[PDB]
Amino acid sequence: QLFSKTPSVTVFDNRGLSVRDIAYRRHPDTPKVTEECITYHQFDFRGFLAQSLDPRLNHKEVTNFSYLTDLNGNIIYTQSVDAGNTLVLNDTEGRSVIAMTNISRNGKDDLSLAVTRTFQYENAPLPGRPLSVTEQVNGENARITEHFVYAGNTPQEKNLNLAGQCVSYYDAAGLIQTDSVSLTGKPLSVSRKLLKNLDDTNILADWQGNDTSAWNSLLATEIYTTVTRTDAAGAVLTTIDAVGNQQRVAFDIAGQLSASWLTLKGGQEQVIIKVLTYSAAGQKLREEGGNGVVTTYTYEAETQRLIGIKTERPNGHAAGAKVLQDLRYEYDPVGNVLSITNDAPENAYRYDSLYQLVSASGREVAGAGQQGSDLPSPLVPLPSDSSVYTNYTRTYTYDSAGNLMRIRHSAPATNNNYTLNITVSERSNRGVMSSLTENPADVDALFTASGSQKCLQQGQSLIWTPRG
Amino acid sequence: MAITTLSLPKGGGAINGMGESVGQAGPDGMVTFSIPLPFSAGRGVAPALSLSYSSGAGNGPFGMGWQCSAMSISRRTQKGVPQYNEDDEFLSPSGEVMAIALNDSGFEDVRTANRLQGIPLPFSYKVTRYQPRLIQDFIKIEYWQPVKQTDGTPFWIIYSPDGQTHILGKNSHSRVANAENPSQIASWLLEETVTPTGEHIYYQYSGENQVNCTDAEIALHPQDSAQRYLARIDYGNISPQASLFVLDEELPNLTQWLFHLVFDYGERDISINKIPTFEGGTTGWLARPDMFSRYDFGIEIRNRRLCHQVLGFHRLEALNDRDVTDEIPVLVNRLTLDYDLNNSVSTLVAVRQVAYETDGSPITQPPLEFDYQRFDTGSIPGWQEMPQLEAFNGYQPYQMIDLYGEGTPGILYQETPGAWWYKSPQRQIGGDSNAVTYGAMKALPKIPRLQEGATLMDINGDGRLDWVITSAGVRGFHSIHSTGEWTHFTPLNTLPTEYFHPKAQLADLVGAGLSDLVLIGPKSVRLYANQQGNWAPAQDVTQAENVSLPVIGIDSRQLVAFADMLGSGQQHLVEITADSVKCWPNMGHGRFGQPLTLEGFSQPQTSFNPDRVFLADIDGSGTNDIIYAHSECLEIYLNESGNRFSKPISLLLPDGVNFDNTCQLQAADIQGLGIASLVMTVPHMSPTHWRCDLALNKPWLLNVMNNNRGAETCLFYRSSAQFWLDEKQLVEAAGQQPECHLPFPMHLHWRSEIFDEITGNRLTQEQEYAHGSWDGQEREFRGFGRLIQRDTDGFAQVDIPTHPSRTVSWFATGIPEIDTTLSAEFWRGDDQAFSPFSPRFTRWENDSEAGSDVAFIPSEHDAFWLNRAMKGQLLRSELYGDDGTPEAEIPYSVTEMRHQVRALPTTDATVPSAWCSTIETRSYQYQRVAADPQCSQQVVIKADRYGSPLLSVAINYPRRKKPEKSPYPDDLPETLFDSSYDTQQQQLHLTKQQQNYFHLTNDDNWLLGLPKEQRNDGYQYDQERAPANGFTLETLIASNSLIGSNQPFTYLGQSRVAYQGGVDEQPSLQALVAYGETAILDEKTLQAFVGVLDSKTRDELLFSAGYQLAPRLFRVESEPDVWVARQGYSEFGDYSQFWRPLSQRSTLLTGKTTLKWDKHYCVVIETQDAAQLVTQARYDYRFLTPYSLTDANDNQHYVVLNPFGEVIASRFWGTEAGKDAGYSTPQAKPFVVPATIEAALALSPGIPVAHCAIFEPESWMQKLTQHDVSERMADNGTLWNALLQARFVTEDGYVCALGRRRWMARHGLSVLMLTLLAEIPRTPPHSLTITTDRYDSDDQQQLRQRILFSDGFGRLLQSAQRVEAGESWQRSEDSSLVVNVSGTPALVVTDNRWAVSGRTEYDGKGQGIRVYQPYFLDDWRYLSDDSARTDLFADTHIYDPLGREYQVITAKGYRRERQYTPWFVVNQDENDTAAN
């Protein structure tokens, strides 16, 4: 039991501020060696965060993070080599006036990708909610991403319980007409309009033009709706789904699900559940699926930890009587999984004191080869015999700052072996498969100002777009 | 803050009680307990009265030691009988001495005025602003006397700093005045108050009367007209008035006040099975067994009445504003005030909240119940020999006084010159700290001690003795300290009265502690002359020639004495025959009242030798009791309330002994117990002494507190003389010198236990104190030098090892000789901690610049008064917890304070007035490690003539040097102890905050110190900047202060408020806000924007965010403006609208909101927002609470409440897009909630309601009645009836909680009283509820069948929900688990299954240790603590002495562990902890 003397500790200034914190680390591969991992929180003249950093960049004596605020309150401006920068502002009421993102790491960071969001509002007498907000693209095609319609107090609205409601929200991909409500507060209905052709990537769902006399050019004919009724407790009593489906449900005295039925598109509604039953912990205990297969659940009564779950087919069933699974799990005192087994046989694990799962072992299928950007073939038919799967070891490696190094494996009887690197930045979390580059200085160019990645694969470019 | 919305109900809660707990320790040490009265606030203008008991109190209508006085202002007379002239003296309602003020021109506050609040008066008053000797807070006093006495009466006015303004004693009912010359007034009762809202409260009194008053009451106590009692209070005035209602030529009708408190002294039918009538009935107020009378003013008071019930009344159809005829307010609730009675005392047994159902049934809360340690005549012990003294009496061989001031006499045998030999009281070795003995004599240097009128008299009244010198021509004294310091001789400005003889030498009637001789008999009265140990001329007086004449010194079977049969404290003249007793009322200088006979005494005239009587009070009331000797027995006569006498107790003497003319009986506290024992010598044999410890405990101490919910207490109490004996024992163990000057055995709280009636756990708390303190000049108490507390729970459980509490503290006695020494008592394991604070003596100056104090050196007089002002200030305290570790000798923390005392000028040529100020504070957080505390200090710098906190500074000190080796355990990864550091720890920090105020402080406005402006800034510095002893005031004011004007800083904030009002957004008298204002953004903060924005984009974002620039506060010359927010835009009615809020708008950017009020301007009936969303409500004015609501969609919600105003059922219904939905309307489908859990379980679904709930606060008690038991015992129900007077069972048939003990135990009476209980188990106070998930139009309606349980206090104990049938554990009827043969919990199928939730077991501080897992049960009733402890799984939270978990254990031994240090905290998990 490795874990003896691996505590964590937090440290404070005379203002009681959380100046520093420590975690002890120890790989079971390194049982004689204990690492001390630490990071810092500098505080300002205001008694608030001045600086806090990546441990490894810090101990390499590089500074890479920033956080800046109003007179008290909250961050105005904030940067990392990972995140890029970020700026906002909001009202005295906290209503937002502006936000910006995807701004680079030089004198000043690059505002040309700021993807600016700004907001338009209810005015006197109305309470002051935003009636719209827009993507105010810097120096470019600024476009109104969304628009809110708030109802009045007509008797119609009152009956629909839509008084003051956001009875429309036009948005990216179109509009929700918040088009009726029950006195419980749950909807009586909503209508969704998708775009005039949701196929057409360049009808933008940006609400240029003054009203739907224009925006009809941007909303579908393929409009759909949901209609609903509910408990006084608000749980669903029934529902309708305009393509042709529909819903009904029933419950136990504590509100737990007993049974349910759903109308299939344009046709019958039929029962789902055959049995469903629960523990004193309220968690499931005894069930039977609509196909008639039977399940039960098992807990440590001292702790409610699930020790296992078991399932079988009944006598004379269409697929015949059979135990389908008997899941059993092995835990450390904290509860980390040490091993698992099932029958219808085993696997096992290792951890650092810091609970990095450093090793895993068990059965995996032969012949799939080294995992890449792919899904290999299923075995067909379903294997009647077990030797098609084989022993493996799988292992992993990590930084004292929050980064990984390599992944390392053998399935020896298959001869499938690898060790594979994520190249990671000399000065950030940015990192990629070795295939893209092996060089930790070069890797950080493979990312956007937000730090979104350029590519999936050697040429598989990632089309990042405004609003990230 | 935003709109006070019409509110959708939450629908539930937990069972209440009231005020359940007594406070922590205090330097008075006196037992006291108190709870506010449970009656409605009205519009927020309702009285603040409270029930209170104190061991320090006298007697009254509340019962003995109880107290619920209104506020009143009064004469001062503890020196003696007042003058009734110019020279009279007076006291504030808070109890403080009062004096004529000075104007700021240097002259007294004299003027005459012809208007009040500018309302013109019919005739002018001489008026004076009045000054207390010591300020608690700066309330303004004016006294009002007619310009000539024919022009009515004087009266009083008070002004609060919050402007609440009060008048006292304009009328006779509101005045207490001489029954035979009302030109003399003793006190002015609170009669009216006014608010700036023009709202009021009015207070109605009654005098005494002959209702239920007997012949003897008239004959002995005719002059009752001075007395007063509170008859009614009323409030909620329908018309606002900024001036007093007293200014009406007649007061408006009862109907003008919509809320009323009616006080009933047993008048209405005390039965609960009837709603009280608003009127009283033909009873009138009752009599009492135990009427007392007082003469504390040279005039009678006679005290005939006690309460029984108090009733709250709301004028319903006025409040509804629906009818005007016959405005009968309903009784909202009845307080019951239930008393124990005896012919000398009465006191509350109990109290209850009661309210009445629409069927007229009472409904009742479970009572709160009391008991008191009390006198007895049954239990008395047999007599005991006195080896210690056994022969040393009978003429010369006895001599005794408490020369040392032990609070206990020592036997100072003295025979000759020098024979002064003090056999002294000592603790016995071994046994309880109660056993005491006279140790051996000692010799000490002394006066030649003869030919001098020798006596160890304190002539001065110090409480500390002189010795009298009076030889031929030779006259003075010496003074002797407790040290035995016989001071040098004292000539006395000597003018004693000529000693013609001792015959009829008076002592008491000059005034307590002021005693002086008078030689007197018939038809004349010489005057006493003693002041303080000097004398006036011995003047001559007589009382009126009709007054019967008392005269000492005839042996004819008769006696006379100065001895208070009456127990006022004045040792009245009393004359005794063989057959009768007569006593003369004290009348002060030269005067007596006509004597009263006291009934009951007699003895056979054949044989009544007078000297066979003995004089002592025995009952402890003050009433002198009587003892008479038979040769075999004592006859003991006990004084009934100071009126007549009980049947005599006959007491058998020690066996074979006979009482005779040699025998000397006495009573004394040789026990040191604070209540005496009989002590006697029989100088016949060589042994002679005997005692009887008649009194086991001092009576009349409230010793048990209970509520029937399940709270109960054992309370414990101890003599100061006993504590001092312990102190003296230690003092001489140190060889130190006894100067614990406190010449009186006060008796004080010592220990208490609180026992949880339910779980059987309990809480132990105990206290001790040292250097009891006394004013040797003013003759008054001065506290203790040190206080100590300790505490643990006691546990039903070894799983909880206690680690017992300790804390110690020190307070100002105001006596340098003591106060200096306390410093030496301080813990000093650390020594880097800074040298202490000290009291700053300072004088206020109207300095002709802005006003300031100036620190100064008082004279010896001034210092005396100033220290007497610092009296009781907390100086220091020191916190500990005890365990197996060698750091229980180290504090967790220590705290210390600096005070400053402001002197103020006076018309008093002898002393100033004063105020005291807590100018500095500091603490060290040690975490029981002495080396490296965290340290912090907070200080004030600027304050005005009204002491407002204008400027403050606070400090957080840098860390000490890194330790030379780990003070912390070896278990730590060793690198930690080298790693746990930051430069930030070495960064010193200081904090600046500064503010100023308005003062509408003229005419009849007294609005002190209203908030005007505030700012914040901060400083940081290196450790090397630290001043030598840290900071003090003198450090912080300096030109080289680190926050002096030279020193730059980060600005951090400012705030302001604009008022709406008469000028310049300065406050109205109502000081309504126009808008709130705060700073938000600053030049340095802008540099965050600089990476993105520009001037225009910055400015437009700021303005669109609504901020503006404004002047920066406390800008001296050149500072930039700053961006501010402004908030809270709202509007209000006028005074005629009671200034009610009409609308609100958090900021102008938002949509507004609008409010609508009832005609009384009490209730917001209706509202709408500026999106025009309506909301509506309709209101139960019993509770000022909406029984209905309507939303903006016109969906209704409706709710119904019990007579106390508990929510008990609710429903909602409304509109549903071309349909109406929810339940039915209430009147469409009415319902009533069932009476019981089983009655509710009988219900079907389909009920037209969202919810209902049921409750049992009384569930803890069994309820027992004639029905069954009349079969079992058939004693014609005489028990069934009398168990109420036995208070075993209440009027509503519950087993009364103390009753259960009381009647079984008192004579071991019928075991039935226990046998018939447990068929109902004591059931935790609990509730059941249903809420329905679907409308009654659907036959599918799920019901949330849920129950919850709480302790005797309000702690949630556990809860359950009914669940679908299935396997469950099984409850036994006796609450046991059902179990298998192996004792396994009986896990079996049940239909009545529940899921059980939330159970835990708790510390008395509520900390849940064992938090249990969920489980099934077959029953709603409670499952036993014992079986739970036996079987049920829980994690166990493990708390430090601060109450922090340093560990938690899983239900299976693995742990989470945490350890705390001043600079860091360590954390460990179940795996790392498995190293254990």
# chains A, B, ... in the order shown; residues from 1 in each chain; ligands from 1
$ residues_around --residues "range 330-332 of chain A" --least-positions-apart "2" --cutoff "9 Å" --atoms "only C-alpha atoms" --output "list in words"
residues 307, 328, 334, 335, 336, 337, 338, 339, 340, 341 and 348 of chain A; 1470 and 1471 of chain B
$ residues_around --residues "residue 699 in chain B" --least-positions-apart "3" --cutoff "10 Å" --atoms "only C-alpha atoms" --output "list in words"
residues 372, 373, 374, 375, 376, 619, 620, 621, 675, 695, 696, 702 and 703 of chain B
$ interface_residues --of "chain B" --to "chain A" --cutoff "6 Å" --atoms "only C-alpha atoms" --output "PyMOL selection string"
chain B and resi 956+984-985+1080-1081+1085+1088+1091+1105+1150-1151+1170-1171+1193+1215-1217+1333-1334+1342+1395+1414-1416+1433+1451+1463-1468+1470-1472+1475
$ select_by_dssp --residues "range 48-241 of chain A" --states "alpha helix (DSSP H)" --output "compact mmCIF listing (two decimals) with N, CA and C atoms, in the first residue's frame"
# COMPACT_ATOMS: atom_id res chain seq x y z
N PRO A 55 3.26 24.99 -12.99
CA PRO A 55 4.44 24.65 -12.18
C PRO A 55 5.73 24.55 -12.97
N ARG A 56 5.69 23.95 -14.15
CA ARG A 56 6.94 23.64 -14.83
C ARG A 56 7.50 24.85 -15.56
N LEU A 57 6.65 25.58 -16.28
CA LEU A 57 7.07 26.86 -16.83
C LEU A 57 7.58 27.78 -15.73
N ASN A 58 6.91 27.76 -14.58
CA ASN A 58 7.34 28.58 -13.45
C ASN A 58 8.73 28.20 -12.98
N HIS A 59 8.96 26.92 -12.71
CA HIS A 59 10.27 26.55 -12.21
C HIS A 59 11.34 26.62 -13.29
N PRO A 155 -55.06 38.98 -22.84
CA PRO A 155 -55.73 37.78 -22.33
C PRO A 155 -55.27 36.51 -23.03
N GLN A 156 -55.03 36.59 -24.33
CA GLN A 156 -54.44 35.48 -25.06
C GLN A 156 -53.13 35.03 -24.44
N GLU A 157 -52.19 35.97 -24.26
CA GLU A 157 -50.93 35.65 -23.61
C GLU A 157 -51.13 35.07 -22.21
N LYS A 158 -52.02 35.67 -21.43
CA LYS A 158 -52.32 35.16 -20.09
C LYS A 158 -52.80 33.72 -20.13
N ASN A 159 -53.73 33.42 -21.04
CA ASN A 159 -54.25 32.06 -21.16
C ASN A 159 -53.17 31.10 -21.62
N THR A 212 -39.55 39.39 -39.93
CA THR A 212 -39.64 38.14 -40.66
C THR A 212 -40.24 38.30 -42.04
N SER A 213 -40.77 39.47 -42.40
CA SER A 213 -40.99 39.73 -43.82
C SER A 213 -39.70 39.50 -44.60
N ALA A 214 -38.57 39.90 -44.02
CA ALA A 214 -37.27 39.45 -44.50
C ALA A 214 -36.95 38.03 -44.06
N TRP A 215 -36.99 37.78 -42.75
CA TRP A 215 -36.44 36.53 -42.21
C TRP A 215 -37.15 35.26 -42.68
$ residues_around --residues "residue 147 in chain A" --least-positions-apart "2" --cutoff "12 Å" --atoms "only C-alpha atoms" --output "VMD selection string"
chain A and resid 119 to 122 129 to 135 143 to 145 149 to 150 166 to 172 174 to 177 205 to 212 215
$ write_last_selection --atoms "N, CA, C and O atoms" --output "short mmCIF file (atom, residue, chain, number, x, y, z; two decimals), in the first residue's frame"
data_model
loop_
_atom_site.label_atom_id
_atom_site.label_comp_id
_atom_site.auth_asym_id
_atom_site.auth_seq_id
_atom_site.Cartn_x
_atom_site.Cartn_y
_atom_site.Cartn_z
N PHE A 119 -24.67 43.69 -27.34
CA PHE A 119 -26.02 43.37 -26.89
C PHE A 119 -26.97 44.56 -26.99
O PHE A 119 -26.57 45.72 -26.83
N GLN A 120 -28.24 44.26 -27.28
CA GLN A 120 -29.30 45.23 -27.55
C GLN A 120 -30.54 44.86 -26.74
O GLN A 120 -30.87 43.68 -26.64
N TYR A 121 -31.25 45.86 -26.20
CA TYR A 121 -32.02 45.67 -24.98
C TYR A 121 -33.45 46.21 -25.04
O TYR A 121 -33.76 47.14 -25.80
N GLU A 122 -34.31 45.59 -24.23
CA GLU A 122 -35.54 46.22 -23.76
C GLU A 122 -35.28 47.58 -23.15
O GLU A 122 -34.29 47.79 -22.45
N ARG A 129 -34.53 43.58 -20.56
CA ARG A 129 -33.91 42.39 -21.10
C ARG A 129 -33.36 42.65 -22.50
O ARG A 129 -33.85 43.53 -23.21
N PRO A 130 -32.33 41.93 -22.91
CA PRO A 130 -31.85 42.07 -24.29
C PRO A 130 -32.92 41.66 -25.27
O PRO A 130 -33.49 40.57 -25.18
N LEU A 131 -33.21 42.55 -26.21
CA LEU A 131 -34.02 42.17 -27.36
C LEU A 131 -33.19 41.62 -28.51
O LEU A 131 -33.76 40.97 -29.40
N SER A 132 -31.87 41.82 -28.49
CA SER A 132 -30.99 41.17 -29.45
C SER A 132 -29.56 41.25 -28.96
O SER A 132 -29.22 42.06 -28.09
N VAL A 133 -28.71 40.41 -29.54
CA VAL A 133 -27.26 40.59 -29.51
C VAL A 133 -26.69 40.19 -30.87
O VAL A 133 -27.29 39.41 -31.61
N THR A 134 -25.51 40.74 -31.18
CA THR A 134 -24.91 40.62 -32.50
C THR A 134 -23.44 40.26 -32.40
O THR A 134 -22.75 40.64 -31.44
N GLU A 135 -22.97 39.50 -33.38
CA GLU A 135 -21.55 39.29 -33.67
C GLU A 135 -21.01 40.50 -34.43
O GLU A 135 -21.16 40.60 -35.65
N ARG A 143 -22.90 41.07 -37.93
CA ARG A 143 -24.15 40.36 -38.21
C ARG A 143 -24.88 40.01 -36.92
O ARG A 143 -24.26 39.63 -35.93
N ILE A 144 -26.21 40.12 -36.95
CA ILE A 144 -27.05 40.01 -35.76
C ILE A 144 -27.38 38.54 -35.53
O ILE A 144 -28.28 37.98 -36.15
N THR A 145 -26.63 37.91 -34.62
CA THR A 145 -26.77 36.48 -34.34
C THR A 145 -28.12 36.08 -33.76
O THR A 145 -28.56 34.95 -33.96
N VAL A 149 -38.11 38.26 -28.72
CA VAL A 149 -39.42 38.91 -28.61
C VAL A 149 -40.04 38.53 -27.28
O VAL A 149 -40.30 37.35 -27.02
N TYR A 150 -40.38 39.56 -26.48
CA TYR A 150 -41.06 39.41 -25.20
C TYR A 150 -42.53 39.83 -25.31
O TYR A 150 -42.83 40.92 -25.80
N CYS A 166 -40.50 35.25 -23.36
CA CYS A 166 -39.65 35.33 -24.54
C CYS A 166 -40.31 34.58 -25.69
O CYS A 166 -39.74 33.62 -26.23
N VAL A 167 -41.51 35.02 -26.06
CA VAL A 167 -42.33 34.30 -27.02
C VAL A 167 -41.65 34.09 -28.36
O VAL A 167 -42.04 33.18 -29.10
N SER A 168 -40.63 34.86 -28.69
CA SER A 168 -39.69 34.41 -29.72
C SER A 168 -38.27 34.48 -29.21
O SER A 168 -37.91 35.41 -28.49
N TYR A 169 -37.46 33.51 -29.61
CA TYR A 169 -36.01 33.71 -29.66
C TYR A 169 -35.46 33.23 -31.00
O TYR A 169 -35.22 32.03 -31.20
N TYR A 170 -35.28 34.17 -31.91
CA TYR A 170 -34.47 33.96 -33.10
C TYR A 170 -33.01 33.86 -32.72
O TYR A 170 -32.53 34.52 -31.80
N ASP A 171 -32.29 33.01 -33.44
CA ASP A 171 -31.01 32.52 -32.97
C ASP A 171 -30.25 31.94 -34.15
O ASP A 171 -30.80 31.80 -35.25
N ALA A 172 -28.99 31.61 -33.92
CA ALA A 172 -28.30 30.73 -34.84
C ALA A 172 -29.12 29.47 -35.07
O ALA A 172 -29.76 28.94 -34.15
N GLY A 174 -31.90 29.57 -36.42
CA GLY A 174 -33.27 29.98 -36.70
C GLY A 174 -34.09 30.68 -35.63
O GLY A 174 -33.78 31.81 -35.24
N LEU A 175 -35.13 30.02 -35.13
CA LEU A 175 -36.02 30.62 -34.14
C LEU A 175 -36.67 29.52 -33.32
O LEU A 175 -37.03 28.47 -33.86
N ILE A 176 -36.84 29.76 -32.03
CA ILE A 176 -37.90 29.13 -31.25
C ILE A 176 -38.98 30.16 -30.96
O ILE A 176 -38.73 31.18 -30.30
N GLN A 177 -40.18 29.89 -31.45
CA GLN A 177 -41.38 30.57 -30.98
C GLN A 177 -41.86 29.87 -29.72
O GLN A 177 -42.41 28.76 -29.77
N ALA A 205 -28.33 32.36 -40.55
CA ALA A 205 -29.09 32.49 -39.31
C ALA A 205 -28.67 33.73 -38.53
O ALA A 205 -28.78 33.78 -37.31
N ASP A 206 -28.20 34.74 -39.25
CA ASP A 206 -27.96 36.06 -38.68
C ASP A 206 -29.05 36.97 -39.21
O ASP A 206 -29.28 37.04 -40.42
N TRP A 207 -29.71 37.67 -38.30
CA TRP A 207 -31.03 38.23 -38.56
C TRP A 207 -30.98 39.62 -39.16
O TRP A 207 -31.60 40.58 -38.70
N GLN A 208 -30.21 39.72 -40.24
CA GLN A 208 -30.24 40.90 -41.09
C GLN A 208 -31.62 41.06 -41.70
O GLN A 208 -32.33 40.08 -41.96
N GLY A 209 -32.02 42.30 -41.90
CA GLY A 209 -33.41 42.63 -42.16
C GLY A 209 -34.20 42.85 -40.88
O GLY A 209 -33.89 42.32 -39.82
N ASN A 210 -35.25 43.67 -41.00
CA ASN A 210 -35.90 44.22 -39.82
C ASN A 210 -36.92 43.27 -39.20
O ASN A 210 -37.15 43.33 -37.99
N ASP A 211 -37.51 42.38 -39.99
CA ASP A 211 -38.55 41.52 -39.45
C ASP A 211 -38.72 40.32 -40.37
O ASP A 211 -38.06 40.20 -41.41
N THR A 212 -39.55 39.39 -39.93
CA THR A 212 -39.64 38.14 -40.66
C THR A 212 -40.24 38.30 -42.04
O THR A 212 -40.18 37.35 -42.82
N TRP A 215 -36.99 37.78 -42.75
CA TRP A 215 -36.44 36.53 -42.21
C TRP A 215 -37.15 35.26 -42.68
O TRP A 215 -36.59 34.16 -42.51
#
$ residues_around --residues "range 2-5 of chain B" --least-positions-apart "6" --cutoff "10 Å" --atoms "only C-alpha atoms" --output "NGL selection string"
:B and (1128 or 1130 or 1141 or 1143-1146 or 1152-1155 or 1164 or 1166-1169 or 1175)
$ write_last_selection --atoms "N, CA and C atoms" --output "mmCIF file, in the first residue's frame"
data_model
loop_
_atom_site.group_PDB
_atom_site.id
_atom_site.type_symbol
_atom_site.label_atom_id
_atom_site.label_comp_id
_atom_site.auth_asym_id
_atom_site.auth_seq_id
_atom_site.Cartn_x
_atom_site.Cartn_y
_atom_site.Cartn_z
ATOM 1 N N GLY B 1128 -30.839 52.130 -6.878
ATOM 2 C CA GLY B 1128 -31.906 52.110 -5.892
ATOM 3 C C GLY B 1128 -33.023 53.108 -6.090
ATOM 4 N N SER B 1130 -36.074 55.078 -6.161
ATOM 5 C CA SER B 1130 -37.359 54.628 -5.636
ATOM 6 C C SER B 1130 -38.138 55.815 -5.086
ATOM 7 N N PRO B 1141 -43.430 53.060 0.592
ATOM 8 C CA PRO B 1141 -42.874 52.891 -0.756
ATOM 9 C C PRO B 1141 -43.966 52.663 -1.784
ATOM 10 N N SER B 1143 -42.995 52.991 -5.296
ATOM 11 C CA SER B 1143 -42.380 52.396 -6.475
ATOM 12 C C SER B 1143 -40.885 52.221 -6.262
ATOM 13 N N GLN B 1144 -40.296 51.331 -7.064
ATOM 14 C CA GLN B 1144 -38.878 51.007 -6.980
ATOM 15 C C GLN B 1144 -38.299 50.755 -8.363
ATOM 16 N N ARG B 1145 -37.001 51.022 -8.496
ATOM 17 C CA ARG B 1145 -36.305 50.861 -9.767
ATOM 18 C C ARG B 1145 -34.818 50.730 -9.457
ATOM 19 N N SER B 1146 -34.299 49.505 -9.566
ATOM 20 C CA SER B 1146 -32.921 49.234 -9.166
ATOM 21 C C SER B 1146 -31.931 50.123 -9.907
ATOM 22 N N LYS B 1152 -39.468 49.905 -14.245
ATOM 23 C CA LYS B 1152 -39.917 50.234 -12.901
ATOM 24 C C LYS B 1152 -40.907 49.184 -12.369
ATOM 25 N N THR B 1153 -41.259 49.322 -11.086
ATOM 26 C CA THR B 1153 -42.267 48.508 -10.413
ATOM 27 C C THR B 1153 -43.118 49.388 -9.501
ATOM 28 N N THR B 1154 -44.365 48.971 -9.268
ATOM 29 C CA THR B 1154 -45.365 49.813 -8.621
ATOM 30 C C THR B 1154 -46.113 49.058 -7.527
ATOM 31 N N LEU B 1155 -46.385 49.749 -6.416
ATOM 32 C CA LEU B 1155 -46.899 49.148 -5.192
ATOM 33 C C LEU B 1155 -48.215 49.787 -4.766
ATOM 34 N N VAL B 1164 -49.169 45.813 1.467
ATOM 35 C CA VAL B 1164 -49.184 45.894 0.011
ATOM 36 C C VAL B 1164 -50.216 44.917 -0.526
ATOM 37 N N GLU B 1166 -51.514 44.880 -3.681
ATOM 38 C CA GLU B 1166 -51.465 44.623 -5.112
ATOM 39 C C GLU B 1166 -50.225 45.284 -5.692
ATOM 40 N N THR B 1167 -49.774 44.763 -6.830
ATOM 41 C CA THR B 1167 -48.561 45.277 -7.450
ATOM 42 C C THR B 1167 -48.566 44.978 -8.938
ATOM 43 N N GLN B 1168 -47.718 45.712 -9.656
ATOM 44 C CA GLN B 1168 -47.464 45.461 -11.063
ATOM 45 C C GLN B 1168 -46.056 45.931 -11.401
ATOM 46 N N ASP B 1169 -45.442 45.284 -12.385
ATOM 47 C CA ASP B 1169 -44.181 45.752 -12.941
ATOM 48 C C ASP B 1169 -44.412 46.591 -14.196
ATOM 49 N N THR B 1175 -49.504 41.497 -10.109
ATOM 50 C CA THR B 1175 -49.745 40.483 -9.097
ATOM 51 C C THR B 1175 -50.669 41.034 -8.018
#
$ residues_around --residues "range 444-457 of chain A" --least-positions-apart "3" --cutoff "12 Å" --atoms "only C-alpha atoms" --output "count of residues only"
52
$ select_by_dssp --residues "range 266-456 of chain A" --states "strand (DSSP E)" --output "ChimeraX atom specification"
/A:269-271,275-278,284-288,294-299,306-313,322-331,337-341,346-351,357-365,389-398,404-411,416-424,431-433
$ residues_around --residues "residue 377 in chain A" --least-positions-apart "6" --cutoff "12 Å" --atoms "only C-alpha atoms" --output "list in words"
residues 365, 366, 367, 368 and 369 of chain A
